[PDB]
Structures are given as C-alpha cells and as structure tokens.
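For reference, target_19.pdb is printed below; it contains PDB, N, CA and C atoms and all ligand atoms.
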ATOM      1  N   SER A   1      98.230 -15.196-105.293  1.00  0.00           N
ATOM      2  CA  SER A   1      96.900 -15.219-104.656  1.00  0.00           C
ATOM      3  C   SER A   1      96.879 -16.187-103.478  1.00  0.00           C
ATOM      4  N   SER A   2      96.342 -15.730-102.355  1.00  0.00           N
ATOM      5  CA  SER A   2      96.209 -16.563-101.167  1.00  0.00           C
ATOM      6  C   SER A   2      94.872 -17.305-101.197  1.00  0.00           C
ATOM      7  N   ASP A   3      94.291 -17.395-102.382  1.00  0.00           N
ATOM      8  CA  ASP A   3      92.997 -18.031-102.563  1.00  0.00           C
ATOM      9  C   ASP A   3      92.996 -18.846-103.844  1.00  0.00           C
ATOM     10  N   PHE A   4      91.886 -19.512-104.095  1.00  0.00           N
ATOM     11  CA  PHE A   4      91.682 -20.246-105.329  1.00  0.00           C
ATOM     12  C   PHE A   4      90.338 -19.862-105.936  1.00  0.00           C
ATOM     13  N   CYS A   5      90.380 -19.152-107.052  1.00  0.00           N
ATOM     14  CA  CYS A   5      89.170 -18.675-107.702  1.00  0.00           C
ATOM     15  C   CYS A   5      88.555 -19.760-108.584  1.00  0.00           C
ATOM     16  N   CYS A   6      87.228 -19.833-108.589  1.00  0.00           N
ATOM     17  CA  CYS A   6      86.519 -20.798-109.422  1.00  0.00           C
ATOM     18  C   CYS A   6      86.513 -20.328-110.872  1.00  0.00           C
ATOM     19  N   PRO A   7      86.981 -21.173-111.809  1.00  0.00           N
ATOM     20  CA  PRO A   7      87.046 -20.823-113.236  1.00  0.00           C
ATOM     21  C   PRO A   7      85.666 -20.740-113.889  1.00  0.00           C
ATOM     22  N   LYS A   8      84.633 -20.932-113.083  1.00  0.00           N
ATOM     23  CA  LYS A   8      83.259 -20.886-113.563  1.00  0.00           C
ATOM     24  C   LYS A   8      82.528 -19.678-112.985  1.00  0.00           C
ATOM     25  N   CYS A   9      83.154 -19.015-112.020  1.00  0.00           N
ATOM     26  CA  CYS A   9      82.489 -17.966-111.264  1.00  0.00           C
ATOM     27  C   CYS A   9      83.461 -16.839-110.955  1.00  0.00           C
ATOM     28  N   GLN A  10      82.983 -15.827-110.248  1.00  0.00           N
ATOM     29  CA  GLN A  10      83.870 -14.817-109.688  1.00  0.00           C
ATOM     30  C   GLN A  10      84.141 -15.147-108.222  1.00  0.00           C
ATOM     31  N   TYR A  11      83.664 -16.317-107.805  1.00  0.00           N
ATOM     32  CA  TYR A  11      83.854 -16.796-106.446  1.00  0.00           C
ATOM     33  C   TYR A  11      85.282 -17.278-106.243  1.00  0.00           C
ATOM     34  N   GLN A  12      85.871 -16.885-105.134  1.00  0.00           N
ATOM     35  CA  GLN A  12      87.204 -17.324-104.783  1.00  0.00           C
ATOM     36  C   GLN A  12      87.188 -17.968-103.401  1.00  0.00           C
ATOM     37  N   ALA A  13      87.785 -19.144-103.297  1.00  0.00           N
ATOM     38  CA  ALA A  13      87.807 -19.882-102.044  1.00  0.00           C
ATOM     39  C   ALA A  13      89.162 -19.743-101.366  1.00  0.00           C
ATOM     40  N   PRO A  14      89.173 -19.597-100.032  1.00  0.00           N
ATOM     41  CA  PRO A  14      90.410 -19.410 -99.261  1.00  0.00           C
ATOM     42  C   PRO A  14      91.327 -20.631 -99.306  1.00  0.00           C
ATOM     43  N   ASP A  15      90.767 -21.775 -99.665  1.00  0.00           N
ATOM     44  CA  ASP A  15      91.533 -23.011 -99.724  1.00  0.00           C
ATOM     45  C   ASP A  15      91.098 -23.848-100.919  1.00  0.00           C
ATOM     46  N   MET A  16      92.019 -24.647-101.442  1.00  0.00           N
ATOM     47  CA  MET A  16      91.752 -25.450-102.632  1.00  0.00           C
ATOM     48  C   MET A  16      90.744 -26.558-102.347  1.00  0.00           C
ATOM     49  N   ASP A  17      90.734 -27.066-101.118  1.00  0.00           N
ATOM     50  CA  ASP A  17      89.771 -28.095-100.737  1.00  0.00           C
ATOM     51  C   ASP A  17      88.381 -27.488-100.676  1.00  0.00           C
ATOM     52  N   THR A  18      88.314 -26.251-100.204  1.00  0.00           N
ATOM     53  CA  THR A  18      87.064 -25.516-100.162  1.00  0.00           C
ATOM     54  C   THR A  18      86.543 -25.280-101.579  1.00  0.00           C
ATOM     55  N   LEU A  19      87.453 -24.946-102.491  1.00  0.00           N
ATOM     56  CA  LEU A  19      87.095 -24.738-103.886  1.00  0.00           C
ATOM     57  C   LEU A  19      86.597 -26.042-104.505  1.00  0.00           C
ATOM     58  N   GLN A  20      87.225 -27.150-104.125  1.00  0.00           N
ATOM     59  CA  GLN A  20      86.831 -28.464-104.615  1.00  0.00           C
ATOM     60  C   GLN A  20      85.406 -28.795-104.164  1.00  0.00           C
ATOM     61  N   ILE A  21      85.045 -28.339-102.972  1.00  0.00           N
ATOM     62  CA  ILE A  21      83.690 -28.515-102.460  1.00  0.00           C
ATOM     63  C   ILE A  21      82.721 -27.577-103.183  1.00  0.00           C
ATOM     64  N   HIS A  22      83.207 -26.384-103.511  1.00  0.00           N
ATOM     65  CA  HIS A  22      82.428 -25.400-104.254  1.00  0.00           C
ATOM     66  C   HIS A  22      82.064 -25.933-105.641  1.00  0.00           C
ATOM     67  N   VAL A  23      83.078 -26.326-106.408  1.00  0.00           N
ATOM     68  CA  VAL A  23      82.865 -26.849-107.755  1.00  0.00           C
ATOM     69  C   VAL A  23      82.178 -28.210-107.715  1.00  0.00           C
ATOM     70  N   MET A  24      82.562 -29.032-106.736  1.00  0.00           N
ATOM     71  CA  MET A  24      82.062 -30.400-106.610  1.00  0.00           C
ATOM     72  C   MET A  24      82.302 -31.167-107.911  1.00  0.00           C
ATOM     73  N   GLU A  25      83.582 -31.300-108.260  1.00  0.00           N
ATOM     74  CA  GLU A  25      84.009 -31.933-109.509  1.00  0.00           C
ATOM     75  C   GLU A  25      83.491 -31.156-110.717  1.00  0.00           C
ATOM     76  N   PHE A  26      83.687 -31.695-111.913  1.00  0.00           N
ATOM     77  CA  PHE A  26      83.322 -30.978-113.128  1.00  0.00           C
ATOM     78  C   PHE A  26      82.737 -31.934-114.160  1.00  0.00           C
ATOM     79  N   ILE A  27      82.351 -31.390-115.305  1.00  0.00           N
ATOM     80  CA  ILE A  27      81.858 -32.198-116.412  1.00  0.00           C
ATOM     81  C   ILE A  27      82.960 -32.312-117.464  1.00  0.00           C
ATOM     82  N   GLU A  28      84.179 -32.037-117.035  1.00  0.00           N
ATOM     83  CA  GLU A  28      85.326 -32.030-117.924  1.00  0.00           C
ATOM     84  C   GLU A  28      86.373 -33.028-117.439  1.00  0.00           C
TER      85      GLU A  28
HETATM   86 ZN    ZN B 101      81.945 -22.275-109.168  1.00  0.00          ZN
END
Spell out the structure here as structure tokens.
Amino acid sequence: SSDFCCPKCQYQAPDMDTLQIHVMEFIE
C-alpha cells in the first residue's frame, strides 16, 4: 500500500505523518 489506513476508520492517508495528524495520537 502506498498509503496508511486508519485502524479506526476506512480513511487512508497518503503519508504516515498525515495519518498521525488524522488520528492525533490515541487512547492506547
Ligand atoms: Zn481515524
């Protein structure tokens, strides 16, 4: 995969930093 999918959503981010901004850390 040329993307990083959010394990909480069906949303996939083109970059891992973008995904990190999407999730904005976790409760885990
Ligand atoms: Zn998410």
Ranking A:6, A:25, A:18, A:13 by minimum distance to ligand ZN 101 (chain B) and counting only C-alpha atoms and all ligand atoms, which one comes first?
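Nearest candidate to ligand ZN 101 (chain B) out of A:6, A:25, A:18, A:13: A:6.
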Neighbouring residues of ligand ZN 101 (chain B) are defined here as those with any atom at most 6 Å from a ligand atom, counting all atoms listed in the file; list them as a PyMOL selection string.
chain A and resi 6-9+22-23
Same residues, N, CA and C atoms, saved as a compact mmCIF listing (two decimals), in the frame of the given file:
# COMPACT_ATOMS: atom_id res chain seq x y z
N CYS A 6 87.23 -19.83 -108.59
CA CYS A 6 86.52 -20.80 -109.42
C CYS A 6 86.51 -20.33 -110.87
N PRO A 7 86.98 -21.17 -111.81
CA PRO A 7 87.05 -20.82 -113.24
C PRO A 7 85.67 -20.74 -113.89
N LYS A 8 84.63 -20.93 -113.08
CA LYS A 8 83.26 -20.89 -113.56
C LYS A 8 82.53 -19.68 -112.98
N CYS A 9 83.15 -19.02 -112.02
CA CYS A 9 82.49 -17.97 -111.26
C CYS A 9 83.46 -16.84 -110.96
N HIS A 22 83.21 -26.38 -103.51
CA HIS A 22 82.43 -25.40 -104.25
C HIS A 22 82.06 -25.93 -105.64
N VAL A 23 83.08 -26.33 -106.41
CA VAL A 23 82.86 -26.85 -107.76
C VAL A 23 82.18 -28.21 -107.72
Just list as a ChimeraX atom specification whatever in chain A DSSP marks as helix (DSSP H, G or I).
/A:16-23
Determine which residues of chain A receive a DSSP assignment of strand (DSSP E), computed from the backbone, and state them as a PDB file with N, CA and C atoms, in the coordinates of the input.
ATOM      1  N   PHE A   4      91.886 -19.512-104.095  1.00  0.00           N
ATOM      2  CA  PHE A   4      91.682 -20.246-105.329  1.00  0.00           C
ATOM      3  C   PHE A   4      90.338 -19.862-105.936  1.00  0.00           C
ATOM      4  N   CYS A   5      90.380 -19.152-107.052  1.00  0.00           N
ATOM      5  CA  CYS A   5      89.170 -18.675-107.702  1.00  0.00           C
ATOM      6  C   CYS A   5      88.555 -19.760-108.584  1.00  0.00           C
ATOM      7  N   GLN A  12      85.871 -16.885-105.134  1.00  0.00           N
ATOM      8  CA  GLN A  12      87.204 -17.324-104.783  1.00  0.00           C
ATOM      9  C   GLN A  12      87.188 -17.968-103.401  1.00  0.00           C
ATOM     10  N   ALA A  13      87.785 -19.144-103.297  1.00  0.00           N
ATOM     11  CA  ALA A  13      87.807 -19.882-102.044  1.00  0.00           C
ATOM     12  C   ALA A  13      89.162 -19.743-101.366  1.00  0.00           C
TER      13      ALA A  13
END
Determine the residue set returned by the PyMOL selection byres (((chain A and resi 2) around 8) and not hetatm) for the present structure, and present it as a PyMOL selection string.
chain A and resi 1+3-5+13-16
If you measure from atom N of residue 27 of chain A to atom N of residue 12 of chain A, what distance in Å do you get, rounded to one decimal?
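Distance reported for this atom pair: 18.1 Å.
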Adding 4 Å on each side of the box along x, y and z that holds all listed atoms of segment 2-13 of chain A, could you give its centre and edge lengths in Å to one decimal, as JSON?
{"center_x": 89.4, "center_y": -18.0, "center_z": -107.5, "size_x": 21.9, "size_y": 14.4, "size_z": 20.7}
Final N, CA, C and O atoms of segment 10-22 of chain A as a PDB file, in the frame of the given file:
ATOM      1  N   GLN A  10      82.983 -15.827-110.248  1.00  0.00           N
ATOM      2  CA  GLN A  10      83.870 -14.817-109.688  1.00  0.00           C
ATOM      3  C   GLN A  10      84.141 -15.147-108.222  1.00  0.00           C
ATOM      4  O   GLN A  10      84.756 -14.372-107.494  1.00  0.00           O
ATOM      5  N   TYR A  11      83.664 -16.317-107.805  1.00  0.00           N
ATOM      6  CA  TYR A  11      83.854 -16.796-106.446  1.00  0.00           C
ATOM      7  C   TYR A  11      85.282 -17.278-106.243  1.00  0.00           C
ATOM      8  O   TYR A  11      85.828 -18.001-107.079  1.00  0.00           O
ATOM      9  N   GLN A  12      85.871 -16.885-105.134  1.00  0.00           N
ATOM     10  CA  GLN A  12      87.204 -17.324-104.783  1.00  0.00           C
ATOM     11  C   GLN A  12      87.188 -17.968-103.401  1.00  0.00           C
ATOM     12  O   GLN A  12      86.614 -17.422-102.458  1.00  0.00           O
ATOM     13  N   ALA A  13      87.785 -19.144-103.297  1.00  0.00           N
ATOM     14  CA  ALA A  13      87.807 -19.882-102.044  1.00  0.00           C
ATOM     15  C   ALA A  13      89.162 -19.743-101.366  1.00  0.00           C
ATOM     16  O   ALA A  13      90.196 -19.769-102.030  1.00  0.00           O
ATOM     17  N   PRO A  14      89.173 -19.597-100.032  1.00  0.00           N
ATOM     18  CA  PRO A  14      90.410 -19.410 -99.261  1.00  0.00           C
ATOM     19  C   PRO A  14      91.327 -20.631 -99.306  1.00  0.00           C
ATOM     20  O   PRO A  14      92.524 -20.533 -99.022  1.00  0.00           O
ATOM     21  N   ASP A  15      90.767 -21.775 -99.665  1.00  0.00           N
ATOM     22  CA  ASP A  15      91.533 -23.011 -99.724  1.00  0.00           C
ATOM     23  C   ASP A  15      91.098 -23.848-100.919  1.00  0.00           C
ATOM     24  O   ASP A  15      89.945 -23.777-101.351  1.00  0.00           O
ATOM     25  N   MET A  16      92.019 -24.647-101.442  1.00  0.00           N
ATOM     26  CA  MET A  16      91.752 -25.450-102.632  1.00  0.00           C
ATOM     27  C   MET A  16      90.744 -26.558-102.347  1.00  0.00           C
ATOM     28  O   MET A  16      89.972 -26.936-103.226  1.00  0.00           O
ATOM     29  N   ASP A  17      90.734 -27.066-101.118  1.00  0.00           N
ATOM     30  CA  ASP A  17      89.771 -28.095-100.737  1.00  0.00           C
ATOM     31  C   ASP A  17      88.381 -27.488-100.676  1.00  0.00           C
ATOM     32  O   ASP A  17      87.398 -28.108-101.077  1.00  0.00           O
ATOM     33  N   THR A  18      88.314 -26.251-100.204  1.00  0.00           N
ATOM     34  CA  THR A  18      87.064 -25.516-100.162  1.00  0.00           C
ATOM     35  C   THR A  18      86.543 -25.280-101.579  1.00  0.00           C
ATOM     36  O   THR A  18      85.350 -25.423-101.847  1.00  0.00           O
ATOM     37  N   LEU A  19      87.453 -24.946-102.491  1.00  0.00           N
ATOM     38  CA  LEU A  19      87.095 -24.738-103.886  1.00  0.00           C
ATOM     39  C   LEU A  19      86.597 -26.042-104.505  1.00  0.00           C
ATOM     40  O   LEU A  19      85.658 -26.041-105.299  1.00  0.00           O
ATOM     41  N   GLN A  20      87.225 -27.150-104.125  1.00  0.00           N
ATOM     42  CA  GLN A  20      86.831 -28.464-104.615  1.00  0.00           C
ATOM     43  C   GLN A  20      85.406 -28.795-104.164  1.00  0.00           C
ATOM     44  O   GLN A  20      84.649 -29.439-104.892  1.00  0.00           O
ATOM     45  N   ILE A  21      85.045 -28.339-102.972  1.00  0.00           N
ATOM     46  CA  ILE A  21      83.690 -28.515-102.460  1.00  0.00           C
ATOM     47  C   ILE A  21      82.721 -27.577-103.183  1.00  0.00           C
ATOM     48  O   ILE A  21      81.567 -27.930-103.442  1.00  0.00           O
ATOM     49  N   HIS A  22      83.207 -26.384-103.511  1.00  0.00           N
ATOM     50  CA  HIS A  22      82.428 -25.400-104.254  1.00  0.00           C
ATOM     51  C   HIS A  22      82.064 -25.933-105.641  1.00  0.00           C
ATOM     52  O   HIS A  22      80.888 -25.991-106.001  1.00  0.00           O
TER      53      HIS A  22
END
